[PDB]
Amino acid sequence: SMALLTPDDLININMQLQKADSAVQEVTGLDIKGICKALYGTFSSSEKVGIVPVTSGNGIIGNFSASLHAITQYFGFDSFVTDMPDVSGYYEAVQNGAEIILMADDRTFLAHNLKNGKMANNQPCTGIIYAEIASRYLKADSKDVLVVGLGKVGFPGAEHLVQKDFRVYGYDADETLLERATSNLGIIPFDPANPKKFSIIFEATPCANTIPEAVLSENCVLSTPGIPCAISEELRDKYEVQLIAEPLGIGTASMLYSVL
């Protein structure tokens, strides 16, 4: 089984990004650019970005390149999408003066800066930024964070939180992933039968309704790249949960600012 974006996930990406940016600003005091500035020290200066469609594996995803095109323009990069896909697309991008290559198959989504040699992988970049946003919740009043999902996105997020000196509690429905996180990162295994309430939650799972009512507190932040939503509308509304959740753009920003 594979977790991949679908074209419907990406509809009106510009509005999705705007809403996410507003939520990030409300929660943390910074916009997405400022968050990236905090993580990486970098800012955009109209670097040329070539976006190469890839027919590998399950193939080109409807809306995917177009969404990257919009996302990169939104953050102030000089981006373009190649006509040709795959290697012929890569050549086209380089020939047309791209400084950064953005491309993805079903297992890897990367950004490679050809000018300074830095390369980013989407999975850790997404995990780090969504964890960073969570952790900057201005009205948190606590350094306890719950991390749900300790896979390719969730593990690097948890690791980041541990480095930033939060008290990280982690849960993954796969006992082996949980054990790997506790023994490699030193996080506290969360026991769902013995819950406690959090004001900061980071979720990175491909599953609905992973966040149980018992861990919620009023006005808590739930920062989640996971798709579909980790929390029902009912529980979101009931606790006035401040949700940060967007399908591509926040993690893409994290990749781009990390290679500047």
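Just so we're on the same page, rigid core means the largest C-alpha set that superposes within 1.5 Å between forms. Note that residue numbering follows the sequence shown and begins at 1.
Asks: Core fit done; bigger CA RMS in 8 other deposited structures of this protein for 22-30 or for 63-71?
Replies: Taking the RMS over all superposed structures in 8 other deposited structures of this protein, 63-71 lies farther out.
Asks: Which of the two stretches, 6-14 versus 232-240, has its Cα atoms farther on average from this form in 8 other deposited structures of this protein when everything is superposed by the rigid core?
Replies: Clearly, after the core fit, the stretch farther away in 8 other deposited structures of this protein is 6-14.
Asks: Is it true that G57 has no coordinates in a third or more of the other entries in the comparison?
Replies: Counting only entries that model residues on both sides, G57 is unresolved in at least a third of them.
Asks: Report the stretch with the higher mean CA temperature factor, choosing between 96-104 and 140-148 on the basis of the entry.
Replies: The entry gives the higher C-alpha B-factor average to 140-148.
Asks: Which wins on mean Cα temperature factor, 109-117 or 179-187?
Replies: Result of the comparison: 179-187.
Asks: Hey, out of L68, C36, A204, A193, whose CA B-factor is highest in the deposited coordinates?
Replies: Out of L68, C36, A204, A193, the record gives the largest C-alpha B-factor to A193.
Asks: With respect to the C-alpha temperature factors reported in the PDB entry, which of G41, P212, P53, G62 ranks highest?
Replies: Answer, based on the entry's C-alpha B-factors: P212.
Asks: Lowest, middle or highest third of the chain for the C-alpha temperature factor of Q242?
Replies: Its C-alpha B-factor, which the entry lists for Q242, ranks in the highest third among residues of this chain.
Asks: Among the modelled residues of its chain, does the C-alpha B-factor of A173 lie in the lowest, middle or highest third?
Replies: Its C-alpha B-factor, which the entry lists for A173, ranks in the highest third among residues of this chain.
Asks: Taking the chain's C-alpha temperature factors as the reference, tell me which third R167 falls into: lowest, middle or highest.
Replies: Highest third - that is where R167 ends up once the chain's C-alpha B-factors are sorted.
Asks: What third of its chain, lowest, middle or highest, does the C-alpha temperature factor of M2 fall into?
Replies: Highest third, going by the recorded CA B-factors of the chain.
Asks: Can you tell me which third, lowest, middle or highest, the CA B-factor of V49 falls into for its chain?
Replies: Lowest third of the chain for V49's C-alpha B-factor.
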